[PDB]
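A lone chain, given as structure tokens: the form deposited in one PDB entry.
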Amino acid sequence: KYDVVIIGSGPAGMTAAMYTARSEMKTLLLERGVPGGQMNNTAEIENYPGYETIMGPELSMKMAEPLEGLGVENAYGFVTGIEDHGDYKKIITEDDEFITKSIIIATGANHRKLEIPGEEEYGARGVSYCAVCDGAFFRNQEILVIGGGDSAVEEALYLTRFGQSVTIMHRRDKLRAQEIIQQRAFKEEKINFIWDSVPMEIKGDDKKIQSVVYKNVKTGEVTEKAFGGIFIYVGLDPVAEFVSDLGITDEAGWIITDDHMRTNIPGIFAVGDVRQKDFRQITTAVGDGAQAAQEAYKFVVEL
């Protein structure tokens, strides 16, 4: 009944949906939230070719704009499972079932947790995984940012708009982030570093965070320092629970595809951040999405 159902309306899904709709495939695009995916949790995007710098939620709106005029059917849905019935597939959401000849899984990735004490307790109250969401709550605070990748370092630079200082705590002595971003952080006067360190405990009063205990990974030295907020950027986990049974995931839970976005299962493709891969960017999301869309067209044509 659908030719293709795309699950997730971040940039990979949105590109896939634009491409399938342009091939006049009967196209359903399911999204649990706001179109844009991670781009809506991104302050400034500088490396999407075509735009010099653009705010994440604006790029999200621009990518979403044409979809309805192309005849993509946009619908709310949280997908909880997928069943392979051979020559069609069923997709289960909270309240619905959808039958389709093909599926493109574009559900992305989620913030990895520290799994330390205080992290859950202070969730609403000092602990954050999203600087554009929460930064303004931390005006004039000493902010801590955990991680040494692109997100940690970019989000620390963004947060300097609000905080008195932002400290980046990284578990080695060399950042993973792109050098251009490293350099901007090195030069920014409101950015401090705690190198070779990991957080051990987030502590507070029963209302909000007050301090963090951490440890040096070369010496075991333990320090406790006051902070008013902590933003955590220690990597990603896959958003793929709805296929855990199906035999298309690696040991960490990422969806395995070949180079044409194909899983094990004929007619189920996966694109973007949810796939097993190293390089997670909007460029490769868009690329993957277009490729899967063309593979779904051919699969459905042949069916």
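Shifts are known only where both forms have a C-alpha. We number the residues from 1 along the sequence you see. Rigid core here is just the name for the largest C-alpha set that superposes within 1.5 Å across the two forms.
- For the pair 176 to 184 and 86 to 94, the mean B factor over Cα atoms is greater in 86 to 94.
- Here the stretch with the larger average CA B-factor, out of 75 to 83 and 194 to 202, is 75 to 83.
- The PDB entry assigns the greatest CA B-factor among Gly108, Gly220, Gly147, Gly123 to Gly123.
- Each of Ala270, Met61, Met39, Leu29 has a CA temperature factor in the record; the biggest one is found at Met61.
- Ranked by Cα temperature factor within the chain, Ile7 sits in the lowest third according to the deposited record.
- Sorting the modelled residues of the chain by their CA temperature factor places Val234 in the lowest third.
- Annotation for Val274: CA B-factor lies in the lowest third of the chain's modelled residues.
- Per the PDB record, residue ranking by Cα B-factor puts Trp254 in the middle third of the chain.
- The PDB entry assigns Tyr214 a C-alpha temperature factor belonging to the lowest third of its chain's modelled residues.
FYI, the form deposited in another entry isn't displayed, but the following is about it.
- A displacement of less than 2 angstroms separates the C-alpha positions of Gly71 between this form and the one not shown, with the rigid core held in common.
- The Cα position of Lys190 differs by 2 Å or more between this form and the one not shown after fitting on the rigid core.
- The distance between the CA atoms of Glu44 and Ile168 is at least 3 Å longer in that other deposited form than in the form shown here.
- In that other deposited form, the separation between the C-alpha atoms of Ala43 and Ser128 shrinks by 3 Å or more relative to the displayed form.
- Considering only residues present in both forms and aligning them on the rigid core, one finds just one run of three or more residues with C-alpha shifts of 2 angstroms or more between this form and the one not shown, namely 112 to 235.
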